[PDB]
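Structure, as structure tokens:
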Amino acid sequence: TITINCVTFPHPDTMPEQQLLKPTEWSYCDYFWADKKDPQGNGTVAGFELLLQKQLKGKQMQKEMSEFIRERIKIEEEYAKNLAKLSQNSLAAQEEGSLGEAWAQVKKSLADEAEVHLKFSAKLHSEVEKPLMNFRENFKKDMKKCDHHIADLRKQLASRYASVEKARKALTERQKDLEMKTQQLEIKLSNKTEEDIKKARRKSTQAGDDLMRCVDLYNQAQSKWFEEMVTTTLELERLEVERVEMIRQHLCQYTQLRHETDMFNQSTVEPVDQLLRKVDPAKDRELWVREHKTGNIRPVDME
Amino acid sequence: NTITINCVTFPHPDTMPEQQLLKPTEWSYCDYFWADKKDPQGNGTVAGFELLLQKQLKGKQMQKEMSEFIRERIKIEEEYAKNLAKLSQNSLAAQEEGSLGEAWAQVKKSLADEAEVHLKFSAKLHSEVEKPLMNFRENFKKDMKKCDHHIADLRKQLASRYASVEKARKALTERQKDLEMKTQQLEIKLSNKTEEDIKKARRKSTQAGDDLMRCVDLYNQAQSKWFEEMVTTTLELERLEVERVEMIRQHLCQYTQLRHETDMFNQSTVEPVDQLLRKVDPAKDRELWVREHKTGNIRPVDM
Numbered sequence: 173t174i175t176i177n178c179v180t181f182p183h184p185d186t187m188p189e190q191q192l193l194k195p196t197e198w199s200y201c202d203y204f205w206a207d208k209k210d211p212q213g214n215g216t217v218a219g220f221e222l223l224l225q226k227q228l229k230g231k232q233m234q235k236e237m238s239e240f241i242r243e244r245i246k247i248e249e250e251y252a253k254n255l256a257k258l259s260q261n262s263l264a265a266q267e268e269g270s271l272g273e274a275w276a277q278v279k280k281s282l283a284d285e286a287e288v289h290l291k292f293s294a295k296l297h298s299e300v301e302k303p304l305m306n307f308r309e310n311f312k313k314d315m316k317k318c319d320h321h322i323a324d325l326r327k328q329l330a331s332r333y334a335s336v337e338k339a340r341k342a343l344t345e346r347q348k349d350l351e352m353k354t355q356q357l358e359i360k361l362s363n364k365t366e367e368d369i370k371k372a373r374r375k376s377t378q379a380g381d382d383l384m385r386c387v388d389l390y391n392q393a394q395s396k397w398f399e400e401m402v403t404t405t406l407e408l409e410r411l412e413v414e415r416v417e418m419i420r421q422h423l424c425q426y427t428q429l430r431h432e433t434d435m436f437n438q439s440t441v442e443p444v445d446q447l448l449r450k451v452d453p454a455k456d457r458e459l460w461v462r463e464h465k466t467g468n469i470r471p472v473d474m475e
Numbered sequence: 172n173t174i175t176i177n178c179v180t181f182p183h184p185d186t187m188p189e190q191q192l193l194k195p196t197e198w199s200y201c202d203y204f205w206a207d208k209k210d211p212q213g214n215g216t217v218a219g220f221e222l223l224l225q226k227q228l229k230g231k232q233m234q235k236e237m238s239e240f241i242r243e244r245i246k247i248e249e250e251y252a253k254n255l256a257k258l259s260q261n262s263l264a265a266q267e268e269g270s271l272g273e274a275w276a277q278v279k280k281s282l283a284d285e286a287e288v289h290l291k292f293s294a295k296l297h298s299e300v301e302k303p304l305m306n307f308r309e310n311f312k313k314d315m316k317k318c319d320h321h322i323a324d325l326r327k328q329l330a331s332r333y334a335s336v337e338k339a340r341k342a343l344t345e346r347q348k349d350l351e352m353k354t355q356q357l358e359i360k361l362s363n364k365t366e367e368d369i370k371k372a373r374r375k376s377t378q379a380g381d382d383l384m385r386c387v388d389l390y391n392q393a394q395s396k397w398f399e400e401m402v403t404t405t406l407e408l409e410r411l412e413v414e415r416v417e418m419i420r421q422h423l424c425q426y427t428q429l430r431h432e433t434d435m436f437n438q439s440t441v442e443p444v445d446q447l448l449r450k451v452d453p454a455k456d457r458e459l460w461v462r463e464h465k466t467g468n469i470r471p472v473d474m
């Protein structure tokens, strides 16, 4: 059995299968254990720190997306401001008659249009922009605490590692104290030396009692970092899936708003179309000749 | 017996028989404009046709103004499309990888597609609605002011025949005074000179009558040419106007049509986005990332 950076994997020999925790589905709690070194020589970080960077970049994407929608909204606003300003414009005003009414309704239909696109800007803000920004508001914080809570367990792993090395030398280097009492008692021997085989053999029996406790507490405070590793990577995986589905959801609402917006726009012409059917040249000629006529009597001769 | 205003003779405002309307019901230009009209004040008191021209003119004016309105719309559209295009190239949330990444990418593109649609529309507007409003009877300002002097000239040529009659009706009566006042001077001290003078200033009272004859006959003629020409070249105006109306109608109808199909093609630019959002699978992405960034594969043991 091997040991790299204070965590003991079994040795790369006759490896008993190793059943994956969560099969098929590429679990965060399965494919991240042993650490990884930065391609250079330094920056050799934890088999988890990447999960944080993924999480943080995630909440990051999220924000950039929202910023994008803001830009779209600003665009929209302006488009509406302009259609509005044009809709108030004084052009071709004095056109009288059914045709006049018709033009007028065109000039108005630009205002309707303006509204539609504006309302759309607002629903963008409401249903797409905000819920992206304000989704898990402080999250880089919850993540950076969820970080060093692991880091701390890895430190409490490394101290038990040092604790076993400076209590493994205690055994092996004081086993010279069992060997130097059968090899170096072979000179004097049999005297009041009730200490060479009795006492100094204990530094090879008290030091077994050292490595026992230190490897017990290493192995304990490892499979305590291990289990809180499993569960708080699963918590990440879950939170991630959740993020994806949230973004997907709100993007679907972006398309949805788009869709229904365009639909309400292509409808602001129906009043115009409606008035344009009622446009009758001859009726207008009436409503005008009535109002401006001069005499209906046709001249004769003399005297 | 029969009146005469501004050199044109209508029958007296008594019980004048019916007056068959030229073109009945339909308020024909050649029916309700004969007698002139005064500016509501006292001056200026203008011709009973000038208004028909002024209307034609206001017409081609309206026409222009309308084109200018559409222009503005087009400017607006051009801009909106430009901005949507700039945003479509925008780099936000780029590093989102995975099926969600592709989906987001397609959102950013749909803005370009959209932009395109709105531009294609600004164009269809310029071609099919703006231009045809400006360039409808391009020289109309020419043909109207020729059509003016054709009536106007016949009206001067009338007022002149009228003056010719009046100052030759004065001729008559003043050579009838020189008759009663020369027959009255016969009945006083009767001689030769004041007899031959009665023969003479009495033939001079028939030449003034055979003169008044022609002057009135020619008045009547050069009236019933202004009459005829009035009728038919008013009808020409009525026609032109109507033609205008339905031209404008038609092109507005097309404004709405373009509006319409524009919004329809816009509401289609989301189908790549919707289609891609359904292909969003968190677990698939977790696979494509855990594959490329995995480290540990093997899970720790004891000692």
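As you go down the protein sequences, you meet chains B and A in turn.
The opening position of the first sequence corresponds to residue 173 in the entry's author numbering, with each subsequent residue numbered one higher.
The opening position of the second sequence corresponds to residue 172 in the entry's author numbering, with each subsequent residue numbered one higher.
Ideal Cβ placement from N, Cα and C applies to all residues, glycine included.
- Straight across, the Cα-Cα distance linking B:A334 with B:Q212 is about 27 Å.
- Nearest neighbour of B:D314 by Cα position, chosen from B:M384, B:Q446 and B:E407, turns out to be B:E407.
- Listed along chain A are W198 and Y203, each with a C-beta nearer than 7 Å to that of B:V461.
- Taking CB atoms only, A:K208 has a neighbour in chain B less than 8 Å away.
- B:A218 is positioned such that its CB atom lies no closer than 8 Å to that of B:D202.
- When the five nearest sequence neighbours on each side are left out, the beta carbons in the same chain lying within less than 8 Å of the beta carbon of B:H289 are those of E248, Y251, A252, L255, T433 and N437, in order along the chain.
- At least 8 Å separates the beta-carbon of B:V451 from that of B:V278.
- Between B:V300 and chain A, the shortest Cβ-Cβ separation is not below 8 Å.
- The C-beta of B:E243 comes closer than 8 Å to at least one C-beta of chain A.
- Cβ-Cβ distances below 6 Å link A:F311 to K231 in the same chain, with the five nearest sequence neighbours on each side left out; the list follows chain order.
- Taking the Cβ atoms as the reference, A:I419 lies roughly 7 Å from A:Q234, within the contact range of under 8 Å.
- As the crow flies, the alpha-carbon of B:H422 is around 14 Å from that of A:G272.
- Segment contact: the stretch 374-394 of chain B against the stretch 338-356 of chain B, three or more CB-CB distances shorter than 8 Å; contact assigned.
- In the displayed model, B:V451 falls within coil according to three-state DSSP, outside both helix and strand.
- Rounded to the nearest whole angstrom, the C-alpha separation of B:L192 and A:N468 is 9 Å.
- Between A:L329 and A:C178, the CB-CB gap stays under 8 Å.
- Not flagged as an interface residue toward chain A: B:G215, since no C-beta distance is shorter than 8 Å.
- For the pair A:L383 and A:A323, the CB atoms are not nearer than the 8 Å cut-off.
- Around the Cβ of B:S298, a 10 Å sphere holds fewer than 16 other Cβ atoms; the residue is exposed.
- Any Cβ of chain A closer than 8 Å to the Cβ of B:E267 would place that residue at the interface, and such an atom is present.
- Those residues of the stretch 294-323 of chain B placed with their C-beta closer than 8 Å to a C-beta in chain A do not exist.
- DSSP places A:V387 in the uninterrupted alpha helix (DSSP H) bounded by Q378 to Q394.
- The Cβ of A:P182 sits closer than 8 Å to at least one Cβ of chain B.
- Looking at the DSSP output, B:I176 sits in a beta bridge with B:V179.
- Secondary structure at B:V472: coil, using DSSP grouped into helix, strand and coil.
- The residue from B:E239, B:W275 and B:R242 with its alpha-carbon nearest to that of A:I241 is B:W275.
- Burial is judged here by how many other beta carbons sit within 10 angstroms of a residue's own beta carbon; A:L223 has at least 16 and is buried.
- About 6 Å separates the Cβ atoms of B:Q425 and B:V300, confirming a contact at the 8 Å cut-off.
- In the three-state reduction of the DSSP assignment, A:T216 falls in the strand class, which pools E and B.
- For B:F204, the three-state secondary structure derived from DSSP is coil.
- The C-beta distance from A:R332 to A:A393 rounds to 5 Å, short enough to fall under 8 Å.
- Between B:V336 and B:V416 a beta carbon distance of about 43 Å is seen, past the 8 Å cut, so the two are scored as non-contacting.
- Under the Cβ criterion of 8 Å, A:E458 is counted among the residues facing chain B.
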